[PDB]
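Every residue, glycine among them, receives a Cβ derived from its backbone with ideal geometry; neighbour counts consider all protein chains shown. Read the figures in this text as sums done on the coordinates, not as results from a lab.
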Amino acid sequence: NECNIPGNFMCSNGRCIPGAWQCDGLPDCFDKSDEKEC
Amino acid sequence: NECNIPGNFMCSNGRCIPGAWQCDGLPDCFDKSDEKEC
Amino acid sequence: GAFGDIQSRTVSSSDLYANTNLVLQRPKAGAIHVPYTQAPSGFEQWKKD
Amino acid sequence: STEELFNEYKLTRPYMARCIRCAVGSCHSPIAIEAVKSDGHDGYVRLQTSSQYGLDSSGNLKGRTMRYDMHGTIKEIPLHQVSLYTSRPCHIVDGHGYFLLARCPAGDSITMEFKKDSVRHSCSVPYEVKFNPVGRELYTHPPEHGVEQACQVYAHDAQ
Amino acid sequence: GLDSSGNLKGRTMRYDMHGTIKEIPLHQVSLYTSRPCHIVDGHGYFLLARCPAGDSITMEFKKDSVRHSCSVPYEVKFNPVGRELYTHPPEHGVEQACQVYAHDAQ
Amino acid sequence: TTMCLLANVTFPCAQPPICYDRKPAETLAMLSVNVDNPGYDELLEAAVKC
Amino acid sequence: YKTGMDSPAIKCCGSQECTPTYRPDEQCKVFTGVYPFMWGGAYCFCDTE
Amino acid sequence: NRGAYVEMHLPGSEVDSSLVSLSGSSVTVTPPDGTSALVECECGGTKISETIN
Amino acid sequence: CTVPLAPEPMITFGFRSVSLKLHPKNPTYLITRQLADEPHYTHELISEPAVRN
Ligand SMILES: [Ca+2]
Ligand SMILES: [Ca+2]
């Protein structure tokens with residue numbers, strides 16, 4: 001959905017990570033939601 | 001030129017080391033100024 | 001929030017009187033927890049007085 | 001899309017500046033601190049340092065690393081090796097160029113330090129880092145639950 | 001500032017351990033009053049540090065996976081110079097006469 | 001429409017003749033002159049990348 | 001606000017002047033009798049001036 | 001053991017994503033070894049199936 | 001941002017009077033005002049248990 005803090009990307013499980021952690025070659029989400037469509 | 005704190009030795013680049021670091025065999029100041037005359 | 005918001009008749013009475021102003025709140029979107037609001041402990045406030 | 005944002009700090013380099021409180025005394029520091037902007041609410045500060053974040057030691061992309069000048073020869077370390085603290089220990093979120101986004105509690109100074117193999121580097125500057133609640137209850141640490149409210153925090157992305 | 005056998009090694013600390021004498025390098029000794037401190041030097045029984053104010057001091061190190069500590073309730077106070085009361089000294093200003101512990105050992 | 005400058009050359013700002021990966025100092029001196037400019041972000045983004 | 005600060009202009013055995021820029025609340029002042037220190041060493045070779 | 005106790009309960013079902021995967025056309029569920037599971041879908045109609053390994 | 005939520009005040013009614021028992025968890029502003037031409041507002045920071053009539 002939407003993270004409360006503006007500059008964040010939301011994982012599959014609802015955990016918000018920074019937007020510069022999406023598609024970086026390092027796993028951060030459970031089951032790699034930042035590592036799917038890069 | 002002396003340092004401010006009363007027990008310091010002064011390097012070539014102005015940086016002040018403790019007074020017993022002057023001839024100690026380990027490189028403390030840039031360009032080894034303290035280790036030049038031992 | 002005062003002395004005796006918890007009142008058990010003896011130390012091992014297994015029947016206590018509780019008037020602690022406990023109110024349940026609505027949980028955050030996407031979180032499994034029980035939020036609640038209540039007045040703080042009056043035995044601690046009595047120890048502070 | 002993040003790389004077109006990022007590419008402008010390829011034009012630059014880290015530098016060595018003067019920190020008045022190094023690990024021993026006053027020295028010339030690879031990680032000297034320019035400003036600490038804490039005007040948002042929930043404890044997020046924005047450091048500007050004498051180092052760079054996100055570039056490798058040559059100039060290209062790399063994930064969570066600090067890049068710093070060391071007497072001419074630009075070096076690098078990972079970002080989980082860099083700690084910083086105001087009064088309590090802080091938590092680094094991300095870095096992008098000369099800037100860093102931490103999460104610090106309030107305190108009357110800010111100290112950044114990393115550790116080499118046996119050489120410890122530090123910089124402490126007397127800049128007030130402050131914490132700001134939201135609304136009419138003056139918490140010191142943000143709560144576990146409550147009513148949602150509008151705020152104004154530092155954005156995580158480097159847009 | 002001494003070696004475990006009795007020589008003069010540069011930056012180390014020399015401690016007894018159940019009758020027998022050991023040593024570690026000084027950069028694995030840490031202390032703190034309220035926030036962390038920074039050891040400058042040491043000579044004999046006396047360490048010189050730089051510390052913020054606090055109620056106590058905890059000097060600690062870790063030789064094996066066994067952590068040594070000691071906390072004593074001794075007040076450390078930070079004393080400003082001049083008519084203007086600060087907690088961390090400024091980046092710039094004017095220079096007044098102050099009295100600090102001399103870094104040497106004379 | 002806004003035309004940037006490198007010399008007496010009003011080139012399109014979205015397509016500069018030089019890029020930073022091939023010219024290290026000439027692109028920095030290209031961005032040196034177009035600082036006071038409404039079209040500096042376009043020249044910036046087109047000046048590092050190709 | 002944000003106090004912007006231009007980098008210092010050092011001249012070894014010479015002198016300087018003040019060039020205005022008409023920036024907001026701009027303070028400019030020159031200082032003599034300097035002997036600065038970079039990370040490499042003494043930036044000048046002169047004692048005074 | 002002094003007279004003060006905390007209370008144990010049956011754990012619920014923890015949904016785990018790392019089990020469900022995509023084949024070519026169907027949805028492949030791989031329960032962990034020596035452990036049952038259950039899958040609930042609403043891709044067709046109402047659905048429930050307690051699959052064991 | 002998620003903000004906390006103070007305990008419910010215990011309102012006791014009287015003839016042309018409202019009493020308020022206020023037990024705060026952390027310091028909390030009580031802001032009152034009358035709905036007339038003179039509002040007579042009251043901006044107070046209450047940090048302890050306090051009765052306000
Ligand atoms: Ca990632
Ligand atoms: Ca030396």
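Are there any strands (runs of 3 or more DSSP E) wholly within segment D:1-57 with 2 or more residues that are small (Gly, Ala, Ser), and if so which?
Here the list reads D:46-55.
Name every residue in segment E:11-39 that is within 15 Å of E:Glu60 (Cβ to Cβ), more than 13 Å from chain D (Cβ to nearest Cβ) and hydroxyl-bearing (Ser, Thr, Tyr), in order of residue number.
Of everything in segment E:11-39, just one residue is within 15 Å of E:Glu60 (Cβ to Cβ), more than 13 Å from chain D (Cβ to nearest Cβ) and hydroxyl-bearing (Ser, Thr, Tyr), namely E:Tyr15.
If you take the residues in segment A:17-38 that are surrounded by 18 or more Cβ atoms within 10 Å (Cβ to Cβ) and in contact (Cβ under 8 Å) with a residue 12 or more places away in the chain, which one is farthest from ligand 2 (Cβ to nearest atom)?
My answer is A:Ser33.
Name, by its number, the condition in (1) within 10 Å of another protein chain (Cβ to nearest Cβ); (2) within 16 Å of ligand 1 (Cβ to nearest atom) that does not hold for D:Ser87.
Here D:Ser87 clears every test but (2).
Among (1) farther than 20 Å from C:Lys48 by Cα; (2) loosely packed, with under 14 Cβ neighbours inside 10 Å; (3) within 9 Å of chain C (Cβ to nearest Cβ), which single condition is I:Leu5 missing?
Status for I:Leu5: all satisfied but (2).
Pairs under 8 Å by beta carbon, first residue surrounded by fewer than 11 Cβ atoms within 10 Å (Cβ to Cβ) in segment F:34-50, partner assigned to a loop (DSSP other than H, G, I, E, B) and not aromatic (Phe, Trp, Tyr), six or more apart or different chains?
Pairs found: F:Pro38/F:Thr2.
Name the residue, out of I:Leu35, I:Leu5, I:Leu22, I:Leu30, that is aliphatic (A, V, I, L, M) and under 21 Å from D:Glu148 (Cβ atoms).
I:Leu5
Out of the residues in segment I:19-43 meeting the condition of being part of a strand (DSSP E or B) and in contact (Cβ under 8 Å) with a residue 24 or more places away in the chain, tell me which one is nearest to the other protein chains (Cβ to nearest Cβ). Before the answer, list the steps.
Here is the first cut: in segment I:19-43, the ones part of a strand (DSSP E or B) are I:19-22, I:28-32, I:42-43.
From what is left, the residues that are in contact (Cβ under 8 Å) with a residue 24 or more places away in the chain are I:19-22.
Details: I:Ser19: 14, I:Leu20: 12, I:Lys21: 7, I:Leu22: 9 Å.
Result: I:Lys21.
What about G:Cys44, is it away from chain B (no Cβ under 14 Å), within 14 Å of the chain's Cα centre (by Cα) and without any contact (Cβ under 8 Å) to a residue 40 or more places away in the chain?
Details: away from chain B (no Cβ under 14 Å): no; within 14 Å of the chain's Cα centre (by Cα): yes; without any contact (Cβ under 8 Å) to a residue 40 or more places away in the chain: yes.
Spelling it out, it is not the case that G:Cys44 is away from chain B (no Cβ under 14 Å), within 14 Å of the chain's Cα centre (by Cα) and without any contact (Cβ under 8 Å) to a residue 40 or more places away in the chain.
For segment D:70-102, which positions are closer than 22 Å to D:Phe6 by Cβ and assigned to a loop (DSSP other than H, G, I, E, B)?
Passing the criteria: D:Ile92, D:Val93, D:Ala102.
Output the residues belonging to segment B:1-13 that are over 9 Å from the mean Cα position of the chain (by Cα) and either within 8 Å of another protein chain (Cβ to nearest Cβ) or within 11 Å of ligand 2 (Cβ to nearest atom) (or both).
Matches in segment B:1-13: B:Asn4, B:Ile5, B:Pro6, B:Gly7, B:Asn13.
Restricting to segment B:9-38, name every residue that is part of a strand (DSSP E or B) and in contact with a helix residue (DSSP H, G or I) (Cβ under 6 Å, 6 or more places away or on another chain). Explain how you work it out, then say what you get.
Just the residues of segment B:9-38 that are part of a strand (DSSP E or B), to begin with: B:9-10, B:16-18.
Residue satisfying the conditions is B:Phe9 alone.
Is there a residue being within 20 Å of D:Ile33 (Cα to Cα) and either of a type in the set (A, V, I, L, M) or more than 13 Å from chain A (Cβ to nearest Cβ) (or both) anywhere in segment D:130-138?
The answer is yes, given that some residue of segment D:130-138 is within 20 Å of D:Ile33 (Cα to Cα) and either of a type in the set (A, V, I, L, M) or more than 13 Å from chain A (Cβ to nearest Cβ) (or both).
Considering only segment C:23-49, how many residues are within 16 Å of the chain's Cα centre (by Cα) and within 30 Å of A:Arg15 (Cα to Cα)?
Qualifying residue count, segment C:23-49: 8.
D:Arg67 versus (1) within 14 Å of chain G (Cβ to nearest Cβ); (2) part of a strand (DSSP E or B): which is the lone unmet condition?
Exception for D:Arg67: condition (1).
Somewhere in segment F:6-23, is a residue part of a helix (DSSP H, G or I) and touching a helix residue (DSSP H, G or I) at 6+ places or on another chain (Cβ under 9 Å)?
No, there is no match, as no residue in segment F:6-23 is part of a helix (DSSP H, G or I) and touching a helix residue (DSSP H, G or I) at 6+ places or on another chain (Cβ under 9 Å).
Take segment D:111-128 and flag every residue that is more than 10 Å from every other protein chain (Cβ to nearest Cβ) and either of a type in the set (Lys, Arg) or crowded, with 20+ Cβ neighbours inside 10 Å (or both).
Matches in segment D:111-128: D:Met112, D:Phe114, D:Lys116, D:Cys123.
Is it true that I:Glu48 is more than 9 Å from every other protein chain (Cβ to nearest Cβ) and of a type in the set (D, E, K, R)?
Values: more than 9 Å from every other protein chain (Cβ to nearest Cβ): no; of a type in the set (D, E, K, R): yes.
Answer is no for this residue.
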